[PDB]
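Letters A, B, ... are given to chains in the order of the sequence lines, protein chains preceding strands, and every chain is numbered from 1. Side chains are part of it too, since the values below use all heavy atoms of this structure and drop only hydrogens, waters and symmetry mates.
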Amino acid sequence: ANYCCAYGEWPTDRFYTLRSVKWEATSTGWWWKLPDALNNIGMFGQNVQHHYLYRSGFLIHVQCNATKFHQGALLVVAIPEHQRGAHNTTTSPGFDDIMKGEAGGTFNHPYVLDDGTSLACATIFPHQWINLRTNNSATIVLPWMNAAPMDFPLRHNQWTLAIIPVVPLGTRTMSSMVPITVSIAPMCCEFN
Amino acid sequence: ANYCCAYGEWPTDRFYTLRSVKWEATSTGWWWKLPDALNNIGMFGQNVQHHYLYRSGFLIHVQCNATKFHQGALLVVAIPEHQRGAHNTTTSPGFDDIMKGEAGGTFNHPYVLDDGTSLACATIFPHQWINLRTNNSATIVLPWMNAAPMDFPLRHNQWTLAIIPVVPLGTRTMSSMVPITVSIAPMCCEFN
Amino acid sequence: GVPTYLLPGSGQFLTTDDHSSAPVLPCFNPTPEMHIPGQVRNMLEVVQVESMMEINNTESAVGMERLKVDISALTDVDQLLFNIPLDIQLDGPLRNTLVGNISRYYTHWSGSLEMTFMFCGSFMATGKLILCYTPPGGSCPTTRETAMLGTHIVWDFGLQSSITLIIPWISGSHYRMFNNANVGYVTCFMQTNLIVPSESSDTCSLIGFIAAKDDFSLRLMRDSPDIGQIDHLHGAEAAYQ
Amino acid sequence: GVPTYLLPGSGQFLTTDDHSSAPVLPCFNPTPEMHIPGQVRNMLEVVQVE
Amino acid sequence: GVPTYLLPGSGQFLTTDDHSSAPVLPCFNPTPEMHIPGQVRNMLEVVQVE
Amino acid sequence: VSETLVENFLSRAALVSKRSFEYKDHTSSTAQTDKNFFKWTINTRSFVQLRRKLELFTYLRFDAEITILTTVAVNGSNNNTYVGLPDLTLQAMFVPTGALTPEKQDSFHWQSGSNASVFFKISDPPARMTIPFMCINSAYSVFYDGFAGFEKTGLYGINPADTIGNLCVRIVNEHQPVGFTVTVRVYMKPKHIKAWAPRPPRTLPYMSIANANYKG
Amino acid sequence: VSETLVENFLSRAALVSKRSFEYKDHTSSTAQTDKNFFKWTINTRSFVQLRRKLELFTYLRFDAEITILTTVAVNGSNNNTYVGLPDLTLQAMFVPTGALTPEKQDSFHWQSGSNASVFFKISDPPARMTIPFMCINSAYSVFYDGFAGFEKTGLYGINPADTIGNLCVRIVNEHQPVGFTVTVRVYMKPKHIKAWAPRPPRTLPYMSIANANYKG
């Protein structure tokens with residue numbers, strides 16, 4: 001339903017549905033590294049384990065379950081090669097806090113995207129808007145996005161799907177709760 | 001009636017008539033800065049106040065009321081970007097004595113045009129001659145005369161209309177008096 | 001065999017010149033280029049992408065809380081919701097946008113900007129706003145009736161959720177550029193109160209975006225003052241050792 | 001690859017010469033020129049004014 | 001007669017360059033080459049041998 | 001009839017600046033802002049002859065060609081043995097308007113990639129570069145009948161436009177044990193000249209560079 | 001509209017290294033690894049301005065043009081008689097990745113035929129050579145969201161690809177009886193630039209060269 005096709009281009013229907021995240025009035029955001037997630041869980045994971053080279057392009061679907069009395073705005077942005085940095089330290093981020101798996105991570109400085117850039121200019125990336133008064137879903141298609149025809153899924157993440165609440169969720173009762181569901185479907189399913 | 005069209009070119013009929021000036025046997029001259037005058041007095045002034053950019057080209061008409069027993073010669077010259085200097089001082093002229101409004105100013109050194117140039121070579125500018133034995137009127141049309149397509153009327157004067165008596169007015173009685181009337185009509189009346 | 005004479009300015013190193021150079025390591029074939037999706041050839045298409053503005057101009061606001069302005073049930077009719085000075089190369093709402101960051105790399109800019117506002121309240125929230133634009137020569141209005149004298153648009157966000165207004169063509173260099181600002185303002189006033197159902201939240205938020213149109217131009221590239229030369233970064237002698 | 005020899009008077013600065021110069025700040029487009037009314041191309045038409 | 005100016009990197013010896021050289025002992029005809037059986041023009045056919 | 005064209009009439013190379021600066025290693029903090037470098041804002045009112053020749057038209061449009069000829073003289077002190085004049089390299093940087101001008105010989109502004117620079121040696125043909133037409137308007141305003149700023153304090157006759165830029169010249173070499181005197185001679189020659197609205201010539205010798213005041 | 005192209009936006013020559021080394025005959029074993037030669041790995045993160053300008057696209061493909069401008073200053077000691085600055089020849093060797101970098105001024109690696117070298121004199125126009133695109137991938141990775149090695153110890157953000165190579169500069173001449181100070185200034189200018197996937201600019205000044213850490 002009115003998907004965003006990233007950069008102008010167009011390259012099996014498994015749609016691995018991740019566990020829903022809890023959107024509160026104090027949430028900062030969530031992110032998933034696409035090759036890091038979606039593996040070791042399904043047939044895509046077993047193929048990624050059995051092969052050194054894999055092909056992708058993905059298909060992201062994000063859904064929100066909210067009533068007509070809920071308000072808030074969500075920015076769904078896919079960042080290519082989102083190399084994130086640490087905070088108040090010169091050491092590099094480690095494997096444990098870079099590779100979060102299917103659980104994913106949470107932003108601690110969403111205003112700078114944990115990189116030092118600006119969240120305001122994040123719209124330059126392929127993105128969609130979720131305003132809980134006009135729409136409650138967003139679909140993004142992604143390209144290959146690599147400098148080389150081959151890469152190693154276990155060591156390099158191609159895309160980073162980020163969901164950041166620009167406008168905090170609100171209702172008359174301050175116990176608001178809206179679940180967000182993310183579904184990822186690899187495309188062309190090539191593994192060699 | 002046989003107007004001077006300045007430089008060869010050709011680009012509403014309000015004809016704001018200024019107060020007449022008194023031409024004596026000891027007069028030195030008069031000058032008006034065209035955007036400086038003609039504003040804050042009429043609809044052109046209100047448009048200039050309401051807009052930062054304005055378009056012009058003007059239409060100058062000068063008339064003299066003299067009998068057949070009067071003698072004298074008048075040089076009506078329009079000077080583009082007449083930046084005038086001070087006398088016996090290194091300081092620059094001020095806003096108060098540069099912007100004289102619709103009243104206009106008077107030359108104190110007409111032989112050098114208050115600039116340090118020569119009044120003899122002032123005929124290189126668009127000009128007309130008023131000899132009180134052949135004609136008593138002069139009409140001058142002006143072009144846009146600016147380096148940029150836009151300018152600020154409140155801060156920059158485009159033209160300077162100067163009237164200098166080369167031959168002093170004379171009659172048998174030394175109480176001579178001839179009034180000079182100046183009428184200015186903006187052209188195309190554009191304000192944006 | 002060919003008689004020649006040297007010209008003035010020969011054997012000088014000019015940092016901005018286009019001369020062919022001797023190819024070190026010739027007969028080496030670089031890796032052939034393939035199609036990487038998404039390619040920018042002109043920086044103009046970068047600034048034609050909408051970016052969030054820091055509408056909330058209060059100095060107390062920091063972080064994400066300065067990206068939105070709050071319309072409360074006690075905001076009261078006839079109150080200035082926000083004021084946006086229209087000056088790209090100036091600290092303010094547009095300083096941290098894409099258009100501002102790219103324009104800070106150049107000296108002369110000219111073109112028309114487009115501004116979009118999105119209402120992010122409840123589905124049943126209703127109200128009206130007045131969006132006023134003032135030309136570069138003028139003063140920002142303070143009250144509703146003097147705001148209504150100039151060009152304005154009444155935005156009923158009960159039905160519409162987004163409003164777009166196009167700033168007319170403007171040349172920043174002529175208008176000042178260290179004339180030695182006031183290039184224009186965009187203001188918002190509350191025409192009515194904010195009406196929300198009891199179950200919904202009594203506070204709604206507004207966000208704004210800015211982008212350049214296809215007539216935007218930039219000239220005379222300079223050095224951006226955004227980030228200053230750090231004396232020395234952490235790992236700097238590794239390249240030399 | 002081209003054998004050349006320097007001529008007398010090479011590497012001299014002659015104040016009256018017409019030689020192309022290296023354009024500082026290339027790829028910079030100057031402001032396009034518009035029609036300003038009244039243009040003098042020859043000084044002769046200046047002296048033909050009384 | 002031809003106005004020229006020297007470019008940066010002139011009069012430098014680059015060990016990897018393809019420029020014609022002055023032939024010492026010109027007008028000397030080398031021994032004409034005959035057909036020697038077995039000739040390698042590309043190193044690739046060398047590595048294609050088991 | 002070709003000799004009296006405006007291009008031939010105005011396109012004559014003229015000396016526009018003849019400043020000299022010291023080079024020795026100033027251990028003490030003295031002679032500030034001119035320790036080892038020379039700065040000059042590109043204008044045409046410095047020399048009376050060229051100023052009067054240019055002040056015959058209201059509007060001008062031209063490209064300035066800059067030739068920098070520099071000579072070194074033996075430091076007029078210390079040992080007189082003529083060991084020679086070492087090949088000192090110089091850096092001439094053109095700073096267009098709206099950019100930052102260096103304040104000292106070792107400032108970081110000398111390394112900016114935005115400002116175009118020319119490196120040349122003392123024993124080479126003089127450096128030469130041509131500055132294009134760099135005005136926001138369609139032509140330069142020799143005369144300006146207006147005030148620069150929107151405040152009443154704005155100076156009369158100064159156009160915020162024009163102001164081609166600044167020229168900065170320094171000695172790249174780190175202070176040798178023996179100092180030297182460097183004389184910098186820069187010549188400007190307008191090219192592709194276009195002129196509008198001729199004006200009467202100027203009598204009554206100039207009293208200032210900023211304005212057109214006279215002593216009558 | 002041609003001024004705002006990516007080629008014109010990124011193809012500006014910028015100073016990337018300004019190291020200087022001593023030359024005198026060190027009879028004693030001191031100042032190791034920098035006795036008479038200068039080594040620099042070709043990167044772009046050294047200077048903040050160029051690093052921020054480059055860190056606007058995810059992928060880049062360009063050829064680097066290197067200009068080496070060197071000046072010699074009188075040794076700040078011993079006799080002050082300005083006998084002159086002798087014409088010292090220099091050797092600049094480009095060592096691509098996967099090759100051996102010299103460790104001393106007199107190592108045999110300076111004579112290798114595989115590494116391309118440039119010999120130039122101190123009193124000549126500055127040396128200039130252009131390095132082609134030398135990555136195994138189709139483009140350079142400004143940002144790399146991955147770990148280099150297959151072991152978990154591999155550093156984050158460092159791509160085993162890219163790594164254009166090293167630049168080594170030395171004084172070919174055998175130690176003169178009097179030493180000297182040599183300043184090496186090298187300028188890099190990308191050419192034939194292609195860019196992909198533009199990125200938001202960088203606020204929050206850099207805290208390191210290896211990573212993208214911030215102080216928020």
Side-chain angles (χ1 to χ4, degrees), chain A residues 6-8 77 79 117-127, chain C residues 38-55 67 84-117 164-173 175 177 183-184 186 207-227, chain D residues 27-29, chain F residues 98 114, chain G residues 1-12 52-58 60 193 195-203:
Chain A
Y7 314 107
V77 48
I79 311 167
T117 62
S118 74
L119 185 269
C121 321
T123 62
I124 196 157
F125 294 132
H127 75 291
Chain C
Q39 179 183 3
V40 38
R41 333 189 163 59
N42 197 305
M43 282 325 249
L44 278 203
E45 49 239 40
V46 161
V47 313
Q48 300 183 10
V49 181
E50 56 304 358
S51 292
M52 256 164 302
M53 311 165 327
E54 287 184 17
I55 294 193
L67 286 179
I84 300 173
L86 277 181
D87 202 9
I88 311 182
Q89 76 309 7
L90 171 63
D91 193 1
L94 323 178
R95 144 153 272 271
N96 275 0
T97 55
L98 273 174
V99 82
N101 277 304
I102 300 305
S103 297
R104 261 193 300 289
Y105 275 105
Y106 290 85
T107 317
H108 309 319
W109 70 267
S110 81
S112 55
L113 304 171
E114 103 185 342
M115 301 202 17
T116 306
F117 295 95
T164 299
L165 72 102
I166 298 186
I167 275 76
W169 189 93
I170 168 71
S171 169
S173 39
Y175 280 89
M177 250 320 162
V183 174
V186 166
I207 59 183
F209 309 91
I210 196 187
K213 302 287 278 332
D214 39 29
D215 56 354
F216 211 71
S217 294
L218 297 159
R219 282 161 54 227
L220 201 43
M221 169 178 357
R222 58 163 173 207
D223 272 0
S224 185
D226 276 354
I227 188 173
Chain D
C27 90
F28 159 75
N29 304 313
Chain F
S114 55
Chain G
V1 84
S2 97
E3 166 146 17
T4 172
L5 286 158
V6 169
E7 310 71 307
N8 308 347
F9 178 72
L10 287 176
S11 206
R12 324 279 311 217
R52 184 202 205 252
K53 198 125 73 73
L54 277 200
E55 262 176 14
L56 282 181
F57 322 89
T58 315
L60 286 167
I193 301 143
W196 291 273
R199 289 173 94 79
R202 158 104 190 188
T203 80

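Looking at every heavy atom in both residues, C:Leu98 comes nearest to G:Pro201 through CD2-CD, 3.9 Å. Between C:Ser173 and C:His108, the shortest heavy-atom distance links the atoms CB-ND1, 3.8 Å. The nearest pair of heavy atoms linking G:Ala197 to A:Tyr7 is CB-OH, 3.8 Å. When all heavy atoms are compared, the tightest approach of C:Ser51 to C:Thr97 is CB-CB, 4.0 Å. Nearest heavy-atom pair across G:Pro200 and A:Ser118 is CB-O, 4.1 Å. Heavy-atom minimum distance, F:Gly98 versus C:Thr107: CA-CG2, 4.4 Å.
A distance of 11.5 Å separates CD in C:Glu54 from CD1 in C:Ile84, rounded to the nearest 0.5 Å. Between G:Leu56 atom CG and C:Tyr105 atom OH the span is 6.0 Å, to the nearest 0.5 Å. Note: C:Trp109 CH2 to C:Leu220 CG = 16.0 Å, rounded to the nearest 0.5 Å. Taking CZ from C:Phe216 and CD1 from C:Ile88, the interatomic distance works out to 3.5 Å, rounded to the nearest 0.5 Å. The NZ atom of C:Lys213 sits 13.5 Å away from atom CG of C:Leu44, with the distance rounded to the nearest 0.5 Å. Of the inter-residue distances, the one linking C:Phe117 atom CZ with C:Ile210 atom CD1 reads 9.0 Å to the nearest 0.5 angstrom.
Within the 4.5 Å cutoff, side-chain heavy atoms of C:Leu86 are placed close to those of C:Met115. The side-chain heavy atoms of C:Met53 and C:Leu94, taken from C-beta on, include a pair separated by under 4.5 Å. You'll find the side chain of A:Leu119 reaches within 4.5 Å of the side chain of C:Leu67, heavy atoms only. Inter-residue side-chain proximity for C:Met43 and C:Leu218 is flagged as unmet; no heavy-atom pair is nearer than 4.5 Å. When side chains are defined from C-beta on, G:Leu10 counts as touching G:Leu54, because their heavy atoms get closer than 4.5 Å. Put simply, the side chain of C:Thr116 does not reach to within 4.5 Å of the side chain of C:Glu50, judged on heavy atoms. Residues A:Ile124 and C:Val46 are in side-chain contact: their nearest non-hydrogen atoms beyond the backbone lie under 4.5 Å apart. Annotation: side chain of A:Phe125 is in contact with side chain of G:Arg199 (closest heavy-atom distance under 4.5 Å).
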Notebook entry, point to check: How far apart are the C-alpha atoms of C:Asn96 and A:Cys121, what are their side-chain angles, what is the distance that settles it, and do they pass the side-chain contact (heavy atoms from CB on, under 4.5 Å) test?
Noted result: CA-CA 8 Å; C:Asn96 275 0; A:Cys121 321; 5.7 Å; no
Check: So C:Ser103 and C:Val47, side-chain contact (heavy atoms from CB on, under 4.5 Å) or not? Walk me through it.
Finding: CA-CA 9 Å; C:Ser103 297; C:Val47 313; 5.8 Å; no
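The side-chain hydrogen bond (donor to acceptor under 3.5 Å, both in side chains) test applied to G:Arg12 returns no partner, not counting sequence neighbours. The side chain to side chain contact (heavy atoms under 4.5 Å, CB included) test applied to C:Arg104 returns C:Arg95, C:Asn101, C:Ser224, C:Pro225, C:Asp226, not counting sequence neighbours.
Relative orientation of the G:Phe9 and C:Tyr106 rings is parallel, given thresholds of 30° and 60° on the angle between their planes.
At distances below 3.5 Å, not a single donor-acceptor pair connects side-chain atoms of C:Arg219 with backbone N or O atoms of G:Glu3.
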